[PDB]
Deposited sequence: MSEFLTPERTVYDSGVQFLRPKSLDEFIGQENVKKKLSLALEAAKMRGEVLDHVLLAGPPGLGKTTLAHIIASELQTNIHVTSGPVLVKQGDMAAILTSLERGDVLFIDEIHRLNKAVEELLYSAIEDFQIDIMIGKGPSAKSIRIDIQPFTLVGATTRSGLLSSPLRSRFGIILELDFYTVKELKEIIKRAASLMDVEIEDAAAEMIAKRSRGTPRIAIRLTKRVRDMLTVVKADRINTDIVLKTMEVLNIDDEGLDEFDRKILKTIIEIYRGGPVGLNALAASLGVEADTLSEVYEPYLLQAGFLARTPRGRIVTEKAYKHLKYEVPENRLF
């Protein structure tokens, strides 16, 4: 947790999100008012959880962490709501996974602020804002959509991480890791830790391009940052479905994984990076995919 930003000033990137959040945060603090409800949406590892904690820290209130699938019976939701103190942040990750039972209960605590519930700030996190119910989504006065980070931003996050792990790194090497981080801070930091391991075993004074390449080879990460499963998705569409189009459920069944893990975790960067495309009839692979994986373009 020593690598987790403790404030917006330590949060690299997401300029648009930061200015919007900072505005609402500073104003609330100055007026001593409870912050309006906030919804954080975007792929995993982009900092949603980090922002939820920063919000509570700046308001100088307590944060209550929970998950949608964890809150099944109304009893679990009631207990949490009644433990909230004025101004507290109720952070619900995977909020779109709330069942109608606890959902309707949470919905009520937002309007009438009674189940007697102390005014609080609801901070929800989801991979896609479109997953939340129409009713609940209209309750958030602040919606922050996080998109993938730029290579420059990731490079900065990597250099910051290395410094915190007591390891030197050359700019060129940091650039190389960032280019292979699939636009995600979580991925970039994990790769940096693994490259640190290589530097340790090879007894180097600082992380260079050579050390990075050696590590990428051990981790099976290619020049585009794609890992084994990313390649598996693309290769399955290419070989089994002749390039597509193939439906999400069909592709998921062939891969032996939940459709959610596919469309919420892996597909986002593949679409953003131009390896995959979505059509009404299903997912399709692009020419860039065939060329990158060295497949004869049909």
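S.K.: Return the ranges of the deposited sequence not covered by C-alpha coordinates, sorted by sequence position.
M.R.: 1 to 16, 132 to 146, 330 to 334 are the stretches of the deposited chain that have no C-alpha coordinates in the structure.
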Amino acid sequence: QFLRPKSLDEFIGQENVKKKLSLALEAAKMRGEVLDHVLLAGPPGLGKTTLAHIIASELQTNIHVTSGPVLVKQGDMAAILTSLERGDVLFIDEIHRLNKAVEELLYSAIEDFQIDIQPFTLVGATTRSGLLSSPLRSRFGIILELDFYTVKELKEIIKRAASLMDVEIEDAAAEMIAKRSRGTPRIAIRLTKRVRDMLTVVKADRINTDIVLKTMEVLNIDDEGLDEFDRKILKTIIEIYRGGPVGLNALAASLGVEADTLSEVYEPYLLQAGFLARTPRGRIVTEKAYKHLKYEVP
From here on, numbers count along this sequence of modelled residues.
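S.K.: Where do the C-alpha atoms have the higher mean temperature factor in this entry, in 254 to 262 or in 228 to 236?
M.R.: On average, C-alpha B-factors are higher across 254 to 262.
S.K.: Using only the Cα atoms and their B-factors as the entry lists them, report which of 68 to 76 and 91 to 99 averages higher.
M.R.: Between 68 to 76 and 91 to 99, it is 68 to 76.
S.K.: At the C-alpha atoms, which of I187, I158, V201, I117 reaches the highest B-factor in this entry?
M.R.: Among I187, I158, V201, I117, the PDB entry lists the largest C-alpha B-factor for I117.
S.K.: By the entry's C-alpha temperature factors, tell me which of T82, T126, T150, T215 sits highest.
M.R.: In the PDB entry, the greatest C-alpha B-factor among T82, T126, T150, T215 is found at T82.
S.K.: What third of the chain, by the recorded C-alpha B-factor, contains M30?
M.R.: CA B-factor rank for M30: highest third.
S.K.: By the record's CA B-factor, is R139 among the lowest, middle or highest third of residues in the chain?
M.R.: Highest third - that is where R139 ends up once the chain's C-alpha B-factors are sorted.
S.K.: Lowest, middle or highest third: where is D112 by C-alpha B factor in its chain?
M.R.: As the PDB entry reports it, the C-alpha B-factor of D112 lands in the highest third of its chain.
S.K.: Among the modelled residues of its chain, does the C-alpha B-factor of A174 lie in the lowest, middle or highest third?
M.R.: Its C-alpha B-factor belongs to the lowest third of this chain's values.
S.K.: Looking at the entry's B-factor column for C-alpha atoms only, identify whether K193 ranks in the lowest, middle or highest third of its chain.
M.R.: According to the entry, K193 has a C-alpha B-factor in the chain's lowest third.
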